[PDB]
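Worksheet: one structure, shown below.
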Number of protein chains: 4
Amino acid sequence: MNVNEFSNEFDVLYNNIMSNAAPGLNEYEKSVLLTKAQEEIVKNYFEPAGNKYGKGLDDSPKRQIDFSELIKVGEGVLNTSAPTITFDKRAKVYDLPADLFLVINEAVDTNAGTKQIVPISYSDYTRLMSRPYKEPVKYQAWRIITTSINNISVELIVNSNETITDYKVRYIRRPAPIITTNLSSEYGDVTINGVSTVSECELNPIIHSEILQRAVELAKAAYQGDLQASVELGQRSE
Amino acid sequence: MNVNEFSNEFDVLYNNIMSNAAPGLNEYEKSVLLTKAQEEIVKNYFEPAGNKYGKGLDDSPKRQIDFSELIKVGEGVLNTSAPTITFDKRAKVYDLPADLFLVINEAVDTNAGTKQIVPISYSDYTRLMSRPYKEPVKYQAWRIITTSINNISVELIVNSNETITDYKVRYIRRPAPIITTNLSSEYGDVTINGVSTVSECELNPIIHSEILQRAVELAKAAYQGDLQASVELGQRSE
Amino acid sequence: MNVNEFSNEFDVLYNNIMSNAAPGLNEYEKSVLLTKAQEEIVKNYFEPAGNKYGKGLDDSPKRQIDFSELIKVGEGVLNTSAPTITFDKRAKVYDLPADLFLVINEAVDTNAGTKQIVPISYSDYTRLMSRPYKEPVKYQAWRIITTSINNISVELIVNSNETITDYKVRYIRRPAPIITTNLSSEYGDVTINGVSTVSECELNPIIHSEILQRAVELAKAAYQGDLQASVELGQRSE
Amino acid sequence: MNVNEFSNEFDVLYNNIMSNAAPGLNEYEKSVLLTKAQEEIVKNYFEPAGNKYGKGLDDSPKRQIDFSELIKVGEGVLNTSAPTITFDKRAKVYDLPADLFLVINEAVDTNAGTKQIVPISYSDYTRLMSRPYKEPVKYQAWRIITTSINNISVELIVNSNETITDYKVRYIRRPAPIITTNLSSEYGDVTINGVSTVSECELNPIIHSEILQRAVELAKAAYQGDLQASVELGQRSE
């Protein structure tokens with residue numbers, strides 16, 4: 001549903017049918033609300049407890065198709081460009097892609113075969129390094145985030161005498177903003193996420209209606225403007 | 001029932017009987033609300049938790065006959081047109097049809113016979129690639145969504161020394177919009193999902209009354225225009 | 001109860017006894033409401049959870065007599081007229097009758113005797129085709145809906161080395177509309193479901209009173225016209 | 001109406017339908033009364049509470065056409081010639097146009113961007129200068145009037161770290177006098193506002209009737225000589 005339709009049905013659902021019509025929204029306001037609804041819906045549908053169904057990323061066909069056009073596969077770049085201080089003497093630092101929203105699968109290709117990366121918590125790190133062995137299980141590797149600047153930097157811990165060749169990350173791409181019109185203006189160029197040009201919703205058309213409905217709900221909550229509406233609809237930011 | 005009957009009965013149910021009759025809706029507004037109701041009804045009826053009966057796609061004769069006119073069978077196109085970075089070294093990339101709404105059944109015909117595709121979750125992917133074997137069961141194949149642009153791209157994982165001949169996908173076709181009248185205008189051509197011409201409801205007449213009722217409910221909720229109505233009737237967008 | 005009486009007692013129950021009489025309804029409005037009530041009552045009484053009793057199609061004598069004058073027996077036409085792509089290499093495509101509302105019994109007459117058709121779900125299809133045999137039980141056959149255009153197209157899967165001779169479907173016919181008067185007019189011919197002429201209620205007279213009562217309830221809900229009435233009586237569309 | 005029409009038609013209204021029945025006004029007196037009447041009309045139709053409709057400058061199409069030929073756009077000139085003392089540390093003194101009657105819109109073009117000027121009262125200045133930050137909002141600038149000599153001088157308090165490059169003022173131009181004859185011909189050195197020659201009305205013809213009627217009322221009151229009439233029609237002088 002290209003952005004002109006986003007604006008047109010936004011008007012239709014917002015004010016064109018209201019009994020006491022509210023002032024129509026500017027295109028910047030509609031773009032901001034649509035982008036906010038996009039992020040809110042993505043976070044709602046990624047986590048099962050964020051929506052009424054209780055279903056997450058791959059808990060039904062609908063969720064799979066929802067995040068289908070947002071999934072991306074990239075590689076981590078070895079961070080030997082500059083020195084650094086790792087928390088572990090035996091961890092190799094890798095930089096994840098910049099346009100990363102959420103990681104759902106990671107894998108490392110070593111000389112000793114491919115191994116699934118298990119992101120270990122700070123409590124599991126302390127528990128596991130109190131043990132005599134302190135290495136992953138046969139077909140897995142460990143991961144902990146390290147000092148990150150401008151992008152997520154990642155420490156990979158593999159078994160001894162293993163060299164990493166590739167480090168693939170299957171992640172959810174950061175959604176691009178929904179901008180209806182060229183936001184360029186003589187009085188000042190405004191941006192949604194650093195882009196002023198027209199930006200289509202690059203997700204599957206299945207959730208475009210949900211994004212529009214959430215945008216309308218946010219618009220009406222802003223219209224009322226009391227604390228109750230803001231807190232009630234702010235619970236779904238998540 | 002054809003588009004004329006949708007519009008006429010929409011007027012009848014909306015404002016021709018109500019005491020303090022409200023302004024009649026424009027045909028663009030009626031078409032918008034009918035299309036939104038169509039998508040909402042489809043999403044409610046696919047998921048058991050989305051409707052009051054607790055019944056999903058195939059949980060009763062009515063639910064079968066509801067989507068009977070929306071089911072379609074196609075084939076995935078092998079994505080060797082251009083190079084790409086697969087998350088799994090032994091996965092063949094396939095492109096699904098553009099007009100895909102939900103996948104309900106997939107199957108792949110290999111040299112070793114037909115094999116049912118099981119869409120494995122990311123947590124199930126991590127669990128399964130931690131085992132020594134890392135291959136599907138005898139009569140199945142595995143599947144994960146990969147980098148998708150403009151249409152869903154799919155990674156198929158089969159057993160070793162197996163070649164894929166075809167990849168059939170039983171999916172639900174994307175519903176076409178319901179447009180009452182030719183939306184062509186001298187002041188600007190407006191579209192619902194990229195089409196301005198008249199578009200009939202391409203689903204079974206069993207749910208035409210259902211779509212009309214949902215459209216009327218959405219129309220009256222928009223008429224009320226308060227945050228309450230939008231929030232409570234957005235719960236059914238799903 | 002022929003349609004003149006439908007209109008006369010509709011008036012009597014709607015406005016002729018009211019203290020502050022509402023405007024009388026047009027014959028088109030009454031026809032639309034009666035047809036809507038007809039479909040709503042059929043769907044109420046087919047599914048047990050749709051009515052207060054909790055009784056479905058054949059759960060009491062009343063329901064049997066209710067759907068008695070709506071049941072029909074027809075045959076499926078082999079769809080070798082044109083080529084197609086079946087989801088199963090070994091399924092024969094058959095086209096169901098056009099005036100089909102709900103299927104309650106299906107059967108196929110093969111050279112190896114008659115067999116009851118079991119409509120298998122998309123989950124049962126995946127479960128059953130993961131098994132070594134992948135054929136029906138002795139005296140049954142499987143069924144899944146395929147690409148359908150203008151009428152439900154059906155795939156029949158029988159055991160190997162079995163040829164289908166007949167395919168009988170015992171279904172519930174689509175109800176004809178209730179039209180009181182010839183809706184032909186000089187200002188434009190209106191239709192309920194594509195027919196303008198007088199149309200009697202072709203169901204058993206047992207549910208005519210229920211259809212009239214539901215029509216009156218819909219009329220009064222439309223008269224009030226608030227969102228509450230529309231949503232409350234829209235739950236019974238089902 | 002040319003000046004000759006204002007004089008001739010004053011006598012169809014003041015002088016008892018040009019009957020020489022009322023006292024008889026010279027052309028200098030008629031010019032004086034017309035000038036006073038136009039000033040009164042401008043002041044009354046500007047303030048909503050000053051007229052009979054409760055409508056101000058831009059509150060109806062008639063008011064928009066009334067002041068259409070007075071609205072002027074002019075730039076302010078930096079008052080760097082005189083090194084006076086400003087009440088605010090970061091105030092740049094600007095001189096306004098000499099033919100200024102009422103200001104209605106002011107804007108300042110800074111290096112950061114254009115900023116709408118808010119004419120801030122002496123109470124709001126003390127209120128907003130009792131706070132931590134003490135700067136305008138991101139899209140506005142303040143303005144207070146300062147030591148003025150035979151002109152209008154305004155302090156532009158724009159946010160620190162910003163420089164003013166322009167200052168546009170949209171205002172109501174001071175109306176020119178209405179004079180119906182060369183005053184020097186018969187009256188020695190009398191001027192209305194410094195002009196001794198024929199001066200036409202610089203206003204839209206829509207309010208010429210209003211101005212003439214007000215002049216007639218003022219003449220009749222000034223000649224009836226009652227204190228009550230003078231004080232009663234003195235109410236509308238503002």
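All of the numbers you see were taken from the coordinates with simple rules; none came from a lab. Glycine gets a Cβ as well: all are built from the backbone with ideal geometry, and neighbour counts include every protein chain shown.
Distance cut-off 27 Å, Cα to Cα: go down the list B:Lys36/C:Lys36; B:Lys62/C:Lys168; D:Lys62/D:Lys138; C:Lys138/C:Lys168; B:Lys43/B:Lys168; B:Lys89/C:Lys134 and report the pairs above it.
Working: B:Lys36/C:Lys36 21 Å; B:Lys62/C:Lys168 19 Å; D:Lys62/D:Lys138 35 Å; C:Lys138/C:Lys168 19 Å; B:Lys43/B:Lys168 23 Å; B:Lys89/C:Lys134 31 Å.
Beyond 27 Å: D:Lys62/D:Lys138; B:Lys89/C:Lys134.
Shape call for the protein assembly as shown from the C-alpha gyration tensor, a ≥ b ≥ c root eigenvalues: rounded (a/c under 1.5), prolate (a/b greater than b/c) or oblate? If you can, show how the numbers build up before the last one.
Details: a/c = 3.42, a/b = 1.54, b/c = 2.22.
It comes out oblate by the Cα gyration axes.
Quick one: 3J(HN,Hα) in Hz for the range C:180-187, Karplus 6.51/-1.76/1.60 with θ = phi - 60°, rounded, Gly and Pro as x.
Working through the residues one at a time gives 7, 10, 4, 7, 5, 8, 6, 8 Hz.
What are the distances, in nm and sorted shortest first, from the label point of A:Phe87 to the label points of the same position in each other copy, with each label point placed 7 Å from Cα along the Cα-to-Cβ direction?
2.5, 4.8, 5.9
Cut-off 15 Å, label point 7 angstrom out along Cα-to-Cβ of C:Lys55: give me the residues of the range C:202-231 whose amide nitrogen falls inside.
In the range C:202-231, the label zone of C:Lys55 (backbone N under 15 Å from the point 7 Å along Cα→Cβ) covers C:206-207.
Any idea what the dipole of the range A:39-88 comes to, in debye rounded to 20, about its Cα centre with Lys/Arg Cβ at +1 and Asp/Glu Cβ at -1? Write out the running numbers ahead of the final one.
Numbers: 6 positive and 9 negative charges, 41 e Å.
Charge dipole of the range A:39-88: 200 debye, to the nearest 20.
Can you compute the charge dipole magnitude of chain B about its Cα centre, using +1 on each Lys and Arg Cβ and -1 on each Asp and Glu Cβ, nothing else charged? Give it in debye, rounded to the nearest 20.
Its charge dipole is roughly 1180 debye.
Give the angle, between 0 and 90 degrees and rounded to the nearest 10, that separates the Cα long axis of helix C:27-46 from the longest principal axis of the Cα atoms of chain C.
The helix C:27-46 is inclined about 40 degrees to chain C.
Inside 10 Å of the C-beta atoms of C:147-158, what's the mean count of C-beta atoms belonging to other chains? Kindly include the intermediate steps, with their values, before the conclusion.
Details: counts 7, 8, 3, 2, 3, 6, 4, 1, 2, 0, 0, 0.
Across C:147-158, the average partner-chain Cβ count within 10 Å equals 3.
Given a 10 angstrom Cα cut-off, can you work out which residue in B:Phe67, B:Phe87, B:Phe46 is the most mobile in a GNM of chain B?
B:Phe87
Under the definition of partner shielding as Cβ atoms of other protein chains within 10 Å of a residue Cβ, what is the mean value for peptide A:12-23? Provide the component values of the computation, followed by the final result.
On the way: counts 10, 10, 3, 2, 6, 15, 5, 6, 1, 1, 1, 0.
The per-residue average across the peptide is 5.
Classify the range C:164-238 as rounded, prolate or oblate, taking a ≥ b ≥ c as the square roots of the eigenvalues of its Cα gyration tensor: rounded when a/c is under 1.5, otherwise prolate if a/b is larger than b/c and oblate if not. Don't skip to the answer; put the middle values down first.
Working: a/c = 2.05, a/b = 1.30, b/c = 1.58.
Judged from the Cα gyration tensor, the range C:164-238 comes out oblate (a/c at least 1.5, b/c at or above a/b).
Size of the dipole of the protein assembly as shown about the Cα centre, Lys and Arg at +1 and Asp and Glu at -1 on the beta carbon, nothing else charged, in debye to 20?
On the way: 96 positive and 128 negative charges, 964 e Å.
Dipole size: approximately 4640 debye.
Mind jotting down the distance between the C-alpha centroids of the range B:168-238 and the range A:182-217, whole Å?
22
Given an 8 Å cut-off on Cα distances and at least 6 residues of separation, report the relative contact order of the range D:1-82 as a percent.
11
Axis carrying D onto B: which residue of D has the nearest Cβ, and how far, whole Å?
Per the Cβ-to-axis criterion, the result reads D:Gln228, 21.
Pulled fully out, how much extra length does the chain show between D:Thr84 and D:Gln224, if you take 0.36 nm times their separation in residues and subtract their Cα-Cα distance? Before the final figure, lay out each step's value.
Details: separation 140, 0.36 × 140 = 50.40 nm, distance 5.05 nm.
Net length gain for the segment: 45.3 nm.
How well do other chains shield peptide C:122-128, expressed as the mean number of their Cβ atoms within 10 Å of each residue Cβ? Can you show the working numbers first?
Details: counts 10, 5, 1, 6, 9, 1, 1.
Average neighbour count from other chains, rounded to a whole number: 5.
Rounded to the nearest angstrom and ordered from largest down, what semi-axes does the equivalent ellipsoid of the range A:78-184 get from its C-alpha gyration tensor (root of 5λ)?
Working: eigenvalues 185, 45, 40 Å².
Semi-axis lengths for the range A:78-184 are 30, 15, 14 Å.
Give me the percent relative contact order of the range D:70-120, please, defined on Cα pairs under 8 angstrom at least 6 residues apart.
Numbers: 33 pairs, mean separation 13.7, N = 51.
Contact order relative to length: 27 percent.
Under a 5 Å amide H to amide H cut-off, with H placed in plane at 1.01 Å, what residues pair with C:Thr110 once short-range neighbours are removed?
Under 5 Å from the amide H of C:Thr110: C:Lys115, C:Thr165.
Kindly give the distances from B:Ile149 to its copy-mates, label point to label point, with each label point 7 Å from Cα along Cα→Cβ, as nm values to one decimal ordered shortest first.
For B:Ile149, the other copies' label points sit at 3.2, 3.2, 7.1 nm, shortest first.
If a/c stays under 1.5 just call it rounded; otherwise compare a/b with b/c (prolate if a/b is bigger, oblate if not). Do that for the range B:10-84, with a ≥ b ≥ c from the square roots of the Cα gyration tensor eigenvalues. Display every interim value, and only then the final one.
On the way: a/c = 3.40, a/b = 1.72, b/c = 1.98.
Verdict is oblate for the range B:10-84.
In deg cm²/dmol and to the nearest 500, what is the mean residue ellipticity at 222 nm of chain D if only DSSP H runs of at least 4 residues count, each as -39500 (n - 2.57), divided by the residue total? All intermediate terms of the calculation are to be shown ahead of the outcome.
Numbers: 7 runs with 70 residues, N = 238.
For chain D, the value works out to -8500 deg cm²/dmol.
Can you list the copy-to-copy distances for B:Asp109, using a point 7 angstrom from Cα toward Cβ, in nanometres, shortest first?
Output for B:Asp109: 3.2, 3.2, 7.2 nm, nearest copy listed first.
Go through the range A:221-238 residue by residue and turn each phi into a ³J(HN,Hα) via Karplus (6.51, -1.76, 1.60, θ = phi - 60°); whole Hz please, and just put x for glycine and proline.
4, 5, 4, 5, x, 7, 4, 4, 5, 4, 5, 5, 8, x, 5, 8, 4, 6
With the contact rule set at Cα under 8 Å and sequence spacing of 6 or more, what percent relative contact order holds for the range C:4-142?
Values: 84 pairs, mean separation 14.0, N = 139.
Normalised by residue count, the contact order of the range C:4-142 is 10 percent.
For C:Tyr94, what residues show an amide H to amide H distance below 5 Å, using hydrogens built from the backbone and excluding near sequence neighbours?
C:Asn79, C:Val154, C:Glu155, C:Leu156
Please order B:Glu200, B:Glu155 by the number of other Cβ within 10 Å, starting at the fewest. It would help to have the intermediate numbers written out before the result.
Numbers: B:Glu200 14, B:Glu155 22.
Exposure proxy ranking, most exposed first: B:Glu200, B:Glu155.
Top mean-square fluctuation among A:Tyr187, A:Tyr223, A:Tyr171, Gaussian network model of chain A, C-alpha springs under 10 Å?
A:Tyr187
Tell me, what is the FRET efficiency for C:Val73 and B:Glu200 to the nearest 0.05, using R0 = 25 angstrom and their Cβ-Cβ distance as r?
On the way: r = 30 Å, r/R0 = 1.18.
So the FRET efficiency works out to roughly 0.25.
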